[PDB]
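S.K.: Sharing a structure, written as structure tokens. Questions coming.
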Amino acid sequence: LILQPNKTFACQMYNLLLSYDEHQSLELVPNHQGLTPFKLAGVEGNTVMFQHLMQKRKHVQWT
Amino acid sequence: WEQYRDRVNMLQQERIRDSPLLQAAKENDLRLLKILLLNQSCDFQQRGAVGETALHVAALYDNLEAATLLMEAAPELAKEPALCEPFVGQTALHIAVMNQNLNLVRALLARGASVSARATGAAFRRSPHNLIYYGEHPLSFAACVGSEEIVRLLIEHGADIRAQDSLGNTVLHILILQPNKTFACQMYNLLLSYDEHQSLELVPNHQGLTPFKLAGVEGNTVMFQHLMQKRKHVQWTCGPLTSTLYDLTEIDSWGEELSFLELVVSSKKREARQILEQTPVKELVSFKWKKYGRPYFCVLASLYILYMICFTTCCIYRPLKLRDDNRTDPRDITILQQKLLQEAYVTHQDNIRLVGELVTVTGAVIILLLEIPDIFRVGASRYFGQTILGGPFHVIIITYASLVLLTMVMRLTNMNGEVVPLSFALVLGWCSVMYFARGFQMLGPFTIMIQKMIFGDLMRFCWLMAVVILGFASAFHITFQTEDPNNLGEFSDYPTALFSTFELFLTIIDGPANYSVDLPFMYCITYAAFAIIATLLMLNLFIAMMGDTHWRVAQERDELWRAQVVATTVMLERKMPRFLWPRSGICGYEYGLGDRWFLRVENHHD
Amino acid sequence: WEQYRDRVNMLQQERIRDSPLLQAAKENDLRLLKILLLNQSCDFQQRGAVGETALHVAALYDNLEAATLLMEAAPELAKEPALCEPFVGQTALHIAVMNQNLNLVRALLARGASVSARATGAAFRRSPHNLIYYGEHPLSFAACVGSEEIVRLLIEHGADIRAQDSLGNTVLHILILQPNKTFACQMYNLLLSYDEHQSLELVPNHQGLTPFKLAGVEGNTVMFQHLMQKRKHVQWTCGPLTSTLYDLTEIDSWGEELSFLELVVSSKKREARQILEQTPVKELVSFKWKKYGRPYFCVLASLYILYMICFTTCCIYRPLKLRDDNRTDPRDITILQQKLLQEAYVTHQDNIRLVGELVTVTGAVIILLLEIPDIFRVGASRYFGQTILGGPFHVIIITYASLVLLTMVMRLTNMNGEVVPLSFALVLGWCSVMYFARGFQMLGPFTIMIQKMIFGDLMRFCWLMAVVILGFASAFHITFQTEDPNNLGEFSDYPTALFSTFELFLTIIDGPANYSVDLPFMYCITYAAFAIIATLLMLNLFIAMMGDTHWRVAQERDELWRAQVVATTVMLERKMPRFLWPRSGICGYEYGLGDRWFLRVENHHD
Ligand SMILES: CCCCCCCC(=O)OC[C@H](COP(=O)(O)O[C@@H]1[C@H](O)[C@H](O)[C@@H](OP(=O)(O)O)[C@H](OP(=O)(O)O)[C@H]1O)OC(=O)CCCCCCC
Ligand SMILES: CCCCCCCC(=O)OC[C@H](COP(=O)(O)O[C@@H]1[C@H](O)[C@H](O)[C@@H](OP(=O)(O)O)[C@H](OP(=O)(O)O)[C@H]1O)OC(=O)CCCCCCC
């Protein structure tokens, strides 16, 4: 789903996969190359997918 | 260093997370917070990492209900500020004003929290590290973020209007220091609706700047126009055209030494040159330049051109005499040497040269008497580094005067080697005539983009160029260290091997080619590669870089030419006789309107 | 000088402010103004600083009620105008018309104020100082500001339509002189609604221009299109395509000497070349150029090329003979000298040269017979300074004819030094063939951008060249006054030190480098700096500057090529036989439509 040509809407459908990922996790399993999906989004230049991945890791501590 | 602020912020999160009361104030949950209000075993006056109370946290996270809960549980807790290094005086009322919480600010002023509290910490003072400069006062914060009801509630609850911080800026200065937000102009009107009895408009900071002068130096054009909606008034109109008079009392600033236009044109900020095109500023300096600035600048330009003519015809005819010891040396050129001073002035032509020598020495004296107080009055880094005020030319003219005075030192000591100060003075001084080329509208910004190329392109490209001519010069030297220096002596020793490779980089000197001898076979290989990488590739790339910076200047030619003529107009406003430079504008004391000088311009709109 | 007008304007404000009546008329307050009407001690005919009455003030500040109250106080006060220098004849009816007050203008014409009053002040005459040129008449002001009901009210209240000012312009001329406003075009129809019995369209000014010719010379393209809606009519249409005939009676202007197109192409205003692309002008001069202009211009271009070939093969074979005395001089070149006229024509080849000499002399005669009446008929600054009409080439051809006539003068006096005027004539005349290069569509505007760069770029860059080659030439000279002029004599004396530094600036002559002798150590330092600042920096900045100027021309290539072919088409329209240049357009006298010549064009629209 990362390897698409920068389509926005499957971004939300990425959430659907992470809506149903349960018990490692699907986010940490590598391929035969040995790449995390975060690393695949990094190497393929999917910036929208990268920003959507960094919505979950970050949190605001104060404003 | 900014990692300390990250450590303080996550240590604040540590002290919030450890304490159950501060965690309950952050999370906005009232359930355990009721028991925290009820029991007397817990301490409500506990400190954070800095000094933030739980009411500080509840003001920080827009938690007004928990703040009011411990504020009934502790009414005296609101007045204590933070007490560590980044927040040495931050109250929660500053945070509640900054977050625009109307009910929390109304409750905080209803319970008598301090309104004149100064938050003089390092985070609130201006810096490149802090992203905002909202000030140190609650009235400052309320006007500066742009909330009307909060600042009017602060006026009705105390908060005297004059509030100078550690930098000395009042409210109007740091309303002007915003990044060009329009609506704060209307907020400025609110402050000028509530300014009464000097006035707030005239009080300076620790730098000694009016808010008008701070608007001029910071480039805030919208505030500058908004300030001159109050100063101007139309005196008559007919048809499409109105005639209006502008007050130049704080523009020309006749009483004050350090003038307003000197603060505009010598500003380090880039955006302070778009404020120099405004509707009474362009006309005032255009009247100064056309009526006075161009004729006195042109006669000074002709006088300096004649001074350099009288200097170059003085030094072309300099004393040299035939040497007594014969040459007797191969690879040498010498006919004649320098002349001693006892026979340097013996004929009438020597006296005609000598009066020119005294002209040049007194020219050096009147140059250094017009630069040393001028470099002392504004500082070294302010005046030499500013490209608008002719600083690169003003170090060159100073270097000329020091070099010809060093010539005057050397000649009376009768020692040789005087070709070098005449050569440096004669190359630097005729390039300083470009300093007088800023006046003409035809040939003005050419001399600013020449110095722009010198300090932008050929500061970066010379380090990329001195790693090619060094390596290729060393490569050419080794291929001709084995050979002779007679048949092909362009790389005989290493200084001329550097200089010939430099000249071959510039394609001035022809390629080293002697077809009557067998050249080394490595030389053709390492010179063909030189002709690829250096004459073809790096030279014309740097020509294209000159074309790009020439385009970059040529889109904005008039914006720098007007700044150049403002700089030289306010330079000839100073250092010149007062009877020859009368006050620009018309007087108006005989017109009964006061002892203020004005400028009438007329426009043409629909 | 414009400061006098500022002094007059605030002196007007002084005379308003001192008088209570004028202040009451300015402020629009009736309370003390009623007492000012009642008492007879005050004088209602008091003057301003110029002559502005209270009615003038109340008309100037849009105060109709106080104006009408003082007209009931004084009905005779309206007819008196101002009487000082900037407002020589300004009435307040001009001001009320200009401010578009319908009720005030109706009251002023109801009380019998003058409608034919000429406002002959310096503020109303056209100048760069005055921002508007609205005219001198009330009908002029009403038709010029853009009001319909006011101008029709002025038609019904007198105001004869023909109204020539001190410049002699009528209403239509100074309705054309607006900055291209569309709606006034329709109000031109309003003037053409009330023009009756010559007509108003044909009356000239003091310059001698028809209003159609004024629209031609001022570049008012929208008014030109509106004027040629009236002249043209469609004769048939089918499908998408219409055929319409345009009247060229005032385009060609066969009766008048100074033609319409001569006023268009020799206009000082830049915007008068976009009117030259219009639908009845472009087809007419394209028919003139294709049918007649290009063949006669090409045969004149071939005749001038053959004349210069017959001149250069005449002056290459010039009389030259071996000198009688021997040289006996080092640093000298001379083999042969000039030849005396008694032996300059002795052989048949000398006669073949001699008939070419008479060809060149009669060519100079027929050149100066085609330029001296032509420079007398339009003036010196009109014709030499205009770049469209080949003025830079027409000073060059005149310089050719004067130089070869001076060569013929010098040859018959048998004195030497004829190499110099022959050399200037021979170099200037082959550059004048670019004058014949304006005709071809391929290589046309290259010759206009070459002269554009000569007069634009290299008049500003020559002064920035002469502060570098002078300083560096003088710096190179001092390093080689000490040394010998044999091993490195490129800076021996100061004229060749200027010329060699100029050539080293231009990168033509190779760098002065003699590796078989020890050069001065300052020379390499001050020449490395020269190769940086001049060959690398200063030159290619000017090369990219020429590239930007070439881009500026090349965005507008066809707009200048069409102007060039219009200029040479109307220049070959004059100075040429009438039987060889028949009248363009078709006659229409045999078609019974009148003695007016027309041009039929067909178009293709949806
Ligand atoms: C003539 C002798 C030297 C005069 C000393 C005074 C020299 C002098 O007046 O300029 C100082 C200059 C920095 O330039 P400076 O502080 O005035 O600021 C720059 C200047 O405004 C340039 O015009 C800008 O364009 P560019 O990007 O550059 O094209 C540049 O970027 P930007 O505004 O467009 O964003 C601005 O940052 O520093 C040196 O390189 C000198 C190195 C040599 C030091 C030699 C010390 C002798
Ligand atoms: C060939 C001998 C000289 C011929 C004399 C006649 C020379 C001649 O015909 O032009 C006159 C010229 C002024 O040019 P001129 O009045 O025609 O008007 C300029 C002309 O239209 C240019 O093409 C325009 O572009 P640029 O900006 O220039 O690129 C320029 O600006 P703009 O329209 O774009 O806004 C216009 O202002 O004045 C000199 O420099 C001559 C100095 C040398 C005088 C030497 C006297 C011998």
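Just so we're on the same page: first chain in the structure tokens is A, next is B, and so on; residues restart at 1 for each chain, and ligands are numbered from 1 in the order they show up.
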Please list as a VMD selection string every residue within 12 Å of residue 209 of chain B, counting only C-alpha atoms and excluding residues in the same chain fewer than 4 positions away.
M.R.: chain B and resid 167 to 170 172 to 173 201 to 205 213 to 218 250 253 256 258 to 260 262 to 264
S.K.: Would you write out, as JSON lines, a table of all residues in chain B that have an atom no more than 6 Å from an atom of chain C, listing for each the closest atom pair and the distance in Å to one decimal, considering only C-alpha atoms and ordering rows by chain and rising residue number?
M.R.:
```
{"residue": "B:238", "atom": "CA", "partner": "C:99", "partner_atom": "CA", "distance": 5.9}
{"residue": "B:239", "atom": "CA", "partner": "C:99", "partner_atom": "CA", "distance": 4.6}
{"residue": "B:331", "atom": "CA", "partner": "C:517", "partner_atom": "CA", "distance": 3.9}
{"residue": "B:332", "atom": "CA", "partner": "C:517", "partner_atom": "CA", "distance": 5.1}
{"residue": "B:333", "atom": "CA", "partner": "C:483", "partner_atom": "CA", "distance": 5.7}
{"residue": "B:334", "atom": "CA", "partner": "C:483", "partner_atom": "CA", "distance": 4.7}
{"residue": "B:335", "atom": "CA", "partner": "C:483", "partner_atom": "CA", "distance": 5.8}
{"residue": "B:336", "atom": "CA", "partner": "C:482", "partner_atom": "CA", "distance": 5.7}
{"residue": "B:423", "atom": "CA", "partner": "C:475", "partner_atom": "CA", "distance": 5.0}
{"residue": "B:426", "atom": "CA", "partner": "C:475", "partner_atom": "CA", "distance": 5.8}
{"residue": "B:427", "atom": "CA", "partner": "C:471", "partner_atom": "CA", "distance": 5.1}
{"residue": "B:430", "atom": "CA", "partner": "C:471", "partner_atom": "CA", "distance": 5.1}
{"residue": "B:443", "atom": "CA", "partner": "C:460", "partner_atom": "CA", "distance": 5.1}
{"residue": "B:508", "atom": "CA", "partner": "C:510", "partner_atom": "CA", "distance": 5.6}
{"residue": "B:509", "atom": "CA", "partner": "C:510", "partner_atom": "CA", "distance": 5.5}
{"residue": "B:547", "atom": "CA", "partner": "C:544", "partner_atom": "CA", "distance": 5.4}
{"residue": "B:591", "atom": "CA", "partner": "C:14", "partner_atom": "CA", "distance": 6.0}
```
S.K.: Mind dumping the selected residues with N, CA, C and O atoms as an mmCIF file, in the first residue's frame?
M.R.:
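Final output, result_38.cif:
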```cif
data_model
loop_
_atom_site.group_PDB
_atom_site.id
_atom_site.type_symbol
_atom_site.label_atom_id
_atom_site.label_comp_id
_atom_site.auth_asym_id
_atom_site.auth_seq_id
_atom_site.Cartn_x
_atom_site.Cartn_y
_atom_site.Cartn_z
ATOM 1 N N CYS B 238 -9.803 68.755 -5.645
ATOM 2 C CA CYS B 238 -10.606 69.133 -6.799
ATOM 3 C C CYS B 238 -10.497 68.030 -7.842
ATOM 4 O O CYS B 238 -9.398 67.551 -8.144
ATOM 5 N N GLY B 239 -11.660 67.600 -8.336
ATOM 6 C CA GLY B 239 -11.762 66.593 -9.367
ATOM 7 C C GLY B 239 -11.209 65.243 -8.963
ATOM 8 O O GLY B 239 -11.688 64.594 -8.028
ATOM 9 N N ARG B 331 68.654 37.117 -17.011
ATOM 10 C CA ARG B 331 67.269 37.041 -16.544
ATOM 11 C C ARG B 331 66.859 38.245 -15.703
ATOM 12 O O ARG B 331 66.058 38.099 -14.777
ATOM 13 N N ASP B 332 67.389 39.431 -15.995
ATOM 14 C CA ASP B 332 67.131 40.625 -15.203
ATOM 15 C C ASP B 332 66.726 41.785 -16.102
ATOM 16 O O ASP B 332 67.254 41.942 -17.206
ATOM 17 N N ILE B 333 65.786 42.599 -15.621
ATOM 18 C CA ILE B 333 65.419 43.859 -16.271
ATOM 19 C C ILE B 333 65.575 44.975 -15.236
ATOM 20 O O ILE B 333 65.010 44.917 -14.137
ATOM 21 N N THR B 334 66.436 45.951 -15.543
ATOM 22 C CA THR B 334 66.606 47.197 -14.796
ATOM 23 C C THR B 334 67.389 48.167 -15.673
ATOM 24 O O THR B 334 68.459 47.827 -16.185
ATOM 25 N N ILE B 335 66.852 49.375 -15.848
ATOM 26 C CA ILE B 335 67.650 50.480 -16.370
ATOM 27 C C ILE B 335 67.988 51.415 -15.218
ATOM 28 O O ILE B 335 69.157 51.746 -14.985
ATOM 29 N N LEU B 336 66.965 51.819 -14.475
ATOM 30 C CA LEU B 336 67.037 52.944 -13.558
ATOM 31 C C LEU B 336 66.284 52.653 -12.264
ATOM 32 O O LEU B 336 65.370 51.827 -12.233
ATOM 33 N N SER B 423 51.414 51.869 -6.222
ATOM 34 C CA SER B 423 50.668 50.924 -7.048
ATOM 35 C C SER B 423 49.356 50.490 -6.389
ATOM 36 O O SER B 423 48.309 50.508 -7.045
ATOM 37 N N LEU B 426 47.050 53.660 -6.310
ATOM 38 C CA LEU B 426 46.587 53.987 -7.647
ATOM 39 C C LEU B 426 45.660 52.925 -8.219
ATOM 40 O O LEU B 426 44.914 53.203 -9.165
ATOM 41 N N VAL B 427 45.679 51.705 -7.673
ATOM 42 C CA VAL B 427 44.669 50.763 -8.137
ATOM 43 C C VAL B 427 43.399 50.880 -7.292
ATOM 44 O O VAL B 427 42.289 50.763 -7.831
ATOM 45 N N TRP B 430 41.226 54.795 -7.972
ATOM 46 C CA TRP B 430 40.424 54.965 -9.175
ATOM 47 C C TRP B 430 39.247 54.005 -9.229
ATOM 48 O O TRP B 430 38.303 54.245 -9.987
ATOM 49 N N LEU B 443 23.698 54.792 -14.424
ATOM 50 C CA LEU B 443 24.805 53.893 -14.125
ATOM 51 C C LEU B 443 24.969 53.632 -12.625
ATOM 52 O O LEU B 443 26.063 53.349 -12.136
ATOM 53 N N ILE B 508 43.798 33.914 -20.502
ATOM 54 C CA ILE B 508 44.455 35.112 -21.013
ATOM 55 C C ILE B 508 45.763 34.743 -21.695
ATOM 56 O O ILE B 508 45.992 35.072 -22.864
ATOM 57 N N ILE B 509 46.630 34.063 -20.977
ATOM 58 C CA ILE B 509 47.890 33.561 -21.508
ATOM 59 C C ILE B 509 47.577 32.342 -22.364
ATOM 60 O O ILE B 509 46.718 31.527 -22.008
ATOM 61 N N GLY B 547 25.570 35.644 -14.519
ATOM 62 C CA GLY B 547 24.315 35.942 -15.194
ATOM 63 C C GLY B 547 23.109 35.792 -14.282
ATOM 64 O O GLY B 547 22.177 36.599 -14.331
ATOM 65 N N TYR B 591 2.984 80.709 8.337
ATOM 66 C CA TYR B 591 1.628 80.280 8.035
ATOM 67 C C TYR B 591 0.809 79.995 9.288
ATOM 68 O O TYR B 591 -0.308 79.480 9.180
#
```
S.K.: Can I get the residues of chain B within 8 Å of ligand 1, each with the closest pair of atoms and their distance in Å to one decimal, using only C-alpha atoms and all ligand atoms, sorted chain first then ascending number, as a Markdown table?
M.R.:
```
| residue | atom | partner | partner_atom_place_in_ligand_line | distance |
| --- | --- | --- | --- | --- |
| B:270 | CA | ligand 1 | 33 (O) | 6.6 |
| B:384 | CA | ligand 1 | 6 (C) | 5.2 |
| B:385 | CA | ligand 1 | 9 (O) | 3.5 |
| B:386 | CA | ligand 1 | 9 (O) | 5.1 |
| B:387 | CA | ligand 1 | 9 (O) | 5.0 |
| B:391 | CA | ligand 1 | 9 (O) | 5.8 |
| B:392 | CA | ligand 1 | 1 (C) | 4.4 |
| B:393 | CA | ligand 1 | 1 (C) | 6.7 |
| B:395 | CA | ligand 1 | 2 (C) | 6.2 |
| B:396 | CA | ligand 1 | 1 (C) | 6.3 |
| B:451 | CA | ligand 1 | 23 (O) | 7.9 |
| B:452 | CA | ligand 1 | 29 (O) | 5.2 |
| B:453 | CA | ligand 1 | 29 (O) | 6.5 |
| B:455 | CA | ligand 1 | 40 (O) | 4.5 |
| B:456 | CA | ligand 1 | 28 (O) | 3.7 |
| B:457 | CA | ligand 1 | 29 (O) | 6.9 |
| B:459 | CA | ligand 1 | 40 (O) | 6.5 |
| B:549 | CA | ligand 1 | 29 (O) | 7.0 |
```
S.K.: Residues of chain A within 8 Å of chain B, using only C-alpha atoms, as a count of residues only?
M.R.: 3
S.K.: Between atom CA of residue 79 of chain C and atom CA of residue 113 of chain C, measure the distance and give it in Å to one decimal.
M.R.: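 These atoms are spaced 5.1 Å apart.
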S.K.: For residue 126 of chain B, list every protein, DNA or RNA residue within 12 Å, evaluated using only C-alpha atoms, and leave out those in the same chain fewer than 5 positions away; present the list as a list in words.
M.R.: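 In the requested format, the answer is residues 120, 121, 131, 132, 133, 134, 135, 136, 165, 166, 167, 169, 174, 177 and 178 of chain B.
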S.K.: Just to be explicit: take each residue in the selection above, keep N, CA, C and O atoms, and write the result as an mmCIF file, in the first residue's frame.
M.R.:
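Now in out-v3.cif:
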```
data_model
loop_
_atom_site.group_PDB
_atom_site.id
_atom_site.type_symbol
_atom_site.label_atom_id
_atom_site.label_comp_id
_atom_site.auth_asym_id
_atom_site.auth_seq_id
_atom_site.Cartn_x
_atom_site.Cartn_y
_atom_site.Cartn_z
ATOM 1 N N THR B 120 10.439 38.476 33.220
ATOM 2 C CA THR B 120 11.733 38.848 32.658
ATOM 3 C C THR B 120 12.645 37.653 32.400
ATOM 4 O O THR B 120 13.870 37.802 32.480
ATOM 5 N N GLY B 121 12.091 36.481 32.104
ATOM 6 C CA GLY B 121 12.905 35.312 31.847
ATOM 7 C C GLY B 121 13.568 35.348 30.482
ATOM 8 O O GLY B 121 13.344 36.235 29.658
ATOM 9 N N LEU B 131 11.006 31.763 19.468
ATOM 10 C CA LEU B 131 10.315 31.979 18.204
ATOM 11 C C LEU B 131 9.439 33.223 18.211
ATOM 12 O O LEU B 131 9.125 33.741 17.134
ATOM 13 N N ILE B 132 9.034 33.712 19.381
ATOM 14 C CA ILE B 132 8.188 34.893 19.491
ATOM 15 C C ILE B 132 8.861 35.901 20.411
ATOM 16 O O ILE B 132 9.737 35.546 21.208
ATOM 17 N N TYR B 133 8.465 37.161 20.280
ATOM 18 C CA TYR B 133 8.772 38.211 21.246
ATOM 19 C C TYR B 133 7.445 38.884 21.567
ATOM 20 O O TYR B 133 7.085 39.898 20.969
ATOM 21 N N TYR B 134 6.715 38.312 22.517
ATOM 22 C CA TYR B 134 5.434 38.866 22.920
ATOM 23 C C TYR B 134 5.573 39.872 24.055
ATOM 24 O O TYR B 134 4.600 40.552 24.388
ATOM 25 N N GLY B 135 6.761 40.001 24.631
ATOM 26 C CA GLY B 135 6.986 40.982 25.671
ATOM 27 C C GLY B 135 7.115 40.379 27.053
ATOM 28 O O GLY B 135 7.399 39.193 27.238
ATOM 29 N N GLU B 136 6.923 41.242 28.052
ATOM 30 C CA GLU B 136 7.034 40.841 29.445
ATOM 31 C C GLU B 136 5.822 41.193 30.294
ATOM 32 O O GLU B 136 5.835 40.911 31.498
ATOM 33 N N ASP B 165 10.272 47.294 29.349
ATOM 34 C CA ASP B 165 10.838 46.027 29.791
ATOM 35 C C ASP B 165 12.331 46.204 30.069
ATOM 36 O O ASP B 165 12.829 47.322 30.235
ATOM 37 N N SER B 166 13.055 45.082 30.169
ATOM 38 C CA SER B 166 14.506 45.132 30.346
ATOM 39 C C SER B 166 15.200 45.700 29.113
ATOM 40 O O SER B 166 16.259 46.328 29.222
ATOM 41 N N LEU B 167 14.619 45.491 27.929
ATOM 42 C CA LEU B 167 15.103 46.172 26.735
ATOM 43 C C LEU B 167 14.606 47.612 26.660
ATOM 44 O O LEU B 167 15.167 48.414 25.908
ATOM 45 N N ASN B 169 11.506 48.592 25.720
ATOM 46 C CA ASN B 169 10.423 48.779 24.765
ATOM 47 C C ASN B 169 9.086 48.882 25.487
ATOM 48 O O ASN B 169 8.801 48.107 26.403
ATOM 49 N N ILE B 174 6.614 46.719 20.400
ATOM 50 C CA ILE B 174 6.490 45.282 20.220
ATOM 51 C C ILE B 174 5.094 44.911 19.737
ATOM 52 O O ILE B 174 4.783 43.732 19.540
ATOM 53 N N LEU B 177 7.022 45.279 16.247
ATOM 54 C CA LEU B 177 7.926 44.132 16.004
ATOM 55 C C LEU B 177 7.214 42.829 15.535
ATOM 56 O O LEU B 177 7.915 41.814 15.450
ATOM 57 N N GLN B 178 5.917 42.796 15.253
ATOM 58 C CA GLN B 178 5.248 41.612 14.740
ATOM 59 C C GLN B 178 5.651 41.359 13.293
ATOM 60 O O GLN B 178 6.100 42.269 12.591
#
```
S.K.: What does the structure give for the distance between atom CA of residue 599 of chain B and atom CA of residue 245 of chain B, in Å to one decimal?
M.R.: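 If I compute the distance from atom CA of residue 599 of chain B to atom CA of residue 245 of chain B, I get 5.3 Å.
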S.K.: I'd like the contact shell of residue 146 of chain B - 10 Å cut-off, only C-alpha atoms, skipping same-chain residues fewer than 5 positions apart - returned as number ranges by chain.
M.R.: B: 98, 100, 140-141, 151, 175, 181, 183-188
S.K.: Can you tell me which residues surround segment 6-13 of chain A at a distance of at most 9 Å, considering only C-alpha atoms, apart from same-chain residues fewer than 3 positions away, and format the answer as a compact mmCIF listing (two decimals) with N, CA and C atoms, in the first residue's frame?
M.R.:
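Okay, result.txt is ready:
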```txt
# COMPACT_ATOMS: atom_id res chain seq x y z
N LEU A 1 0.82 -1.20 0.00
CA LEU A 1 0.00 0.00 0.00
C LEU A 1 0.86 1.26 0.00
N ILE A 2 2.10 1.16 0.50
CA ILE A 2 3.05 2.27 0.44
C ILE A 2 3.52 2.52 -1.00
N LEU A 3 3.75 1.46 -1.78
CA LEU A 3 4.26 1.50 -3.16
C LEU A 3 3.29 2.12 -4.19
N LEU A 16 -7.34 1.68 8.44
CA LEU A 16 -8.20 0.50 8.50
C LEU A 16 -7.40 -0.77 8.77
N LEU A 17 -6.21 -0.89 8.16
CA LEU A 17 -5.35 -2.02 8.47
C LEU A 17 -4.84 -1.92 9.90
N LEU A 18 -4.53 -0.70 10.34
CA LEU A 18 -4.11 -0.53 11.72
C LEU A 18 -5.32 -0.46 12.65
N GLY A 45 9.97 7.53 -0.89
CA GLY A 45 9.62 8.92 -1.00
C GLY A 45 8.16 9.24 -0.77
N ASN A 46 7.39 8.32 -0.20
CA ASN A 46 5.97 8.56 0.09
C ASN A 46 5.88 9.48 1.30
N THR A 47 5.80 10.78 1.01
CA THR A 47 5.86 11.79 2.07
C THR A 47 4.54 11.88 2.83
N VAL A 48 3.42 11.65 2.15
CA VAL A 48 2.11 11.70 2.80
C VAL A 48 1.95 10.52 3.75
N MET A 49 2.41 9.34 3.32
CA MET A 49 2.42 8.15 4.17
C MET A 49 3.36 8.33 5.36
N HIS A 52 1.65 10.65 7.82
CA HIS A 52 0.58 9.92 8.49
C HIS A 52 1.14 8.92 9.50
```
S.K.: When you look at residue 228 of chain B with a cut-off of 10 Å (counting only C-alpha atoms), what residues show up, excluding the ones that are within fewer than 2 positions of it in the same chain? I need them as a VMD selection string.
M.R.: chain B and resid 212 222 to 226 230 to 233 246 to 247 279 to 280
